[PDB]
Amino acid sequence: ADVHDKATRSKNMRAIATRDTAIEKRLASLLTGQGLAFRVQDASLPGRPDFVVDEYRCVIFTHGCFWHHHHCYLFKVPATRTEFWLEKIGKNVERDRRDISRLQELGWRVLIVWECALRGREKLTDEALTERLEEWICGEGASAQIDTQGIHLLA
């Protein structure tokens, strides 16, 4: 049951950007503070990486917990048009996996930064984020993800 009326829910949905979202803005700011001259929204790479760091041959995705189905407190299965959302979100999850595989096949190290780690009552501190980012980017560690519990290598 939606907390908005049709018109309002439509307005809310129309306001959602496809780049330069809240989580992308905070990550950009963190990377800029670190002195990294990164690129963004690379339509030439699989999944159009949110961020690209050529200098360390790595890319970074900022995942919205709803859109990418993170199994965290931010995600709830829609109670309206459930079938539609389950298929759409399910397809997003499958595409996310494929994108990561392709990038790796191209020689790119991938880092996933979940939204809950960037905003919300469980978000990591600026210091904690900056440290984990700098260590992962500048290091040679394989693909990983950052959630509220810190950083972890991808399966």
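Start at 1 with the first residue shown and count on from there.
Taking the mean C-alpha B-factor of each stretch as recorded, 120-128 and 53-61 are not equal, and the higher mean is that of 120-128. When the mean C-alpha temperature factors of 83-91 and 29-37 are read from the deposited coordinates, 29-37 comes out higher. The maximum CA B-factor among the listed residues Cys138, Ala144, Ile23, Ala17, taken from the PDB record, is found at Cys138. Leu106 sits in the highest third of its chain by CA B factor, as recorded in the PDB entry.
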